[PDB]
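Below you will find one chain, with nothing else, as structure tokens; this is the form deposited in one PDB entry, and questions on how it binds or moves follow later.
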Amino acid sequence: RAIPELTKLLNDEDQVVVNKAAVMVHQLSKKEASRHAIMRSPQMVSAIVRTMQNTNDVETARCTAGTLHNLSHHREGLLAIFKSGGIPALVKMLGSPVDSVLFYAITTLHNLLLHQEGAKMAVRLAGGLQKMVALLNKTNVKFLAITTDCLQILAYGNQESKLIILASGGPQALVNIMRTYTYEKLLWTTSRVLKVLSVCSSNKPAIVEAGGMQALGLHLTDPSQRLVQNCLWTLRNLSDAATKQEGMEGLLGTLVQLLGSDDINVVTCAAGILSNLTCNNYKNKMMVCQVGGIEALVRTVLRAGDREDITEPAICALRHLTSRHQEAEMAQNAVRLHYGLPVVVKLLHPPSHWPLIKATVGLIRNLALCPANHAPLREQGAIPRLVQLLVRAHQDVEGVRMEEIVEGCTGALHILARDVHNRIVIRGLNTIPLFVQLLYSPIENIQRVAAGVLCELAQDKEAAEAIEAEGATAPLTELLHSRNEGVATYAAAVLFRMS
């Protein structure tokens, strides 16, 4: 009896009637047998929506919004709101200057997104993305928490969605939140949004330009376990694009300390980041040196063991540091002065894989540029193992070209051969025939270091004679006319010495 009567009073033509009928319907929604009666009525639900949608009074809105909000606390009531076309209307209400009305709408949508199938497609037609982002400037931290969590549900697995947020200026709005407020539940969800965006390749640079790197570094030592982990996955994703930002001297300090932790997911994420920000930046390379970065890193590899997802990033981080800058010398000396040479040569041997072995040969080349390391590296027994790897690669995977393993290995022996002791060892391994064969490579790089190592060994009578006996005179003459001043200068030297 009741329902059929209220439905009619909900839309006459004279408003006071509709404005006064809304107030009545609103109170019935707080009772159980009333809601059940209201839901199963395909007309009551419809009239309610068009009223909240077309009204012009405040409280009529304040009351109609509350009526739908209560209907959303249960499955049956959601399916009804859905059929009556209530979502397009709900979005419209997201522009009200009334707090109560704004704060309901958003929560009803939140519920629809979480348990009704189809909501996602719909909320996107109504255009709920530009609106939710426009609300990010309010000041109610609890309000924000609900809003940002709505952005994360819609942006997951959808690029069209990440691009609109981006196009509406989401990146330098969220970052602001992170360096202004302290509510934990807000800072957690806002990072969950930033994370999802860091995946694509267009949405990345917008974050680093705002200052997302410095704003995310702030919460690395907070009591929240989940906030510190989401912050870390995210800094690792941006890393390969922040290699030129000034004033990163602050964040680099913290990162180093974070190598010493009980959490091994915190060590792994911290490893890669230091590895990436260390690329081609003389200002970042030095700073890490001043805060004891070398000593800390050597220690990281020691406890890592055979876990190749920790060792790999770290080794690449020592490789960058021992090259191109004012402290590159100090760097090379320190790795030794901190008992690291032993473990470095151990990673060359199996269990290891190609990607890892590649980076260690590169670290070793740099380390040999310091005289004080000639004798040590030999005693650990690197030469005999370096040669062994050269062979198996020559003939032949995992993501590594075998020609790279050959160009690196040769250049390693090239620099070591600066000390007489090493030369006597290298030569006494029937290596010459192979070195001579590399002269025939179509790769100029391999030609320089091949003719280079020969230039070194040839400074000794016996050695020179054995080289000429293989027949290097033939290829060496052709390499004289190379336009590569390196491959040339070296071909003239070997011939001079063996004559």
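Numbers follow the displayed sequence, beginning with 1.
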| property | result |
| --- | --- |
| Coordinates absent for residue 397 in a third or more of other entries | yes |
| Residues with no coordinates between residue 306 and residue 307, taken from the deposited sequence as a class | none |
| 149-157 versus 321-329 - greater average Cα B-factor per the deposited record | 321-329 |
| 362-370 versus 202-210 - greater average Cα B-factor per the deposited record | 202-210 |
| Peak C-alpha temperature factor (PDB record), options 185, 179, 73, 195 | 73 |
| Peak C-alpha temperature factor (PDB record), options 94, 277, 216, 391 | 391 |
| Record-listed C-alpha B factor of residue 352: chain third | highest |
| Position of residue 313 among the chain's modelled residues by C-alpha B-factor, lowest, middle or highest third | lowest |
| Residue 404 by Cα B-factor - lowest, middle or highest third of the modelled chain | highest |
| Ranked against its chain, the third holding the CA B-factor of residue 260 | lowest |
| Third of the chain's Cα B-factor distribution that residue 272 belongs to, per the entry | lowest |
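Unshown form deposited in another entry; subsequent notes refer to it.
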property	result
Selected hinge residue, 324, 103, 240, 345 [rigid parts, motion between the shown form and the other one]	240
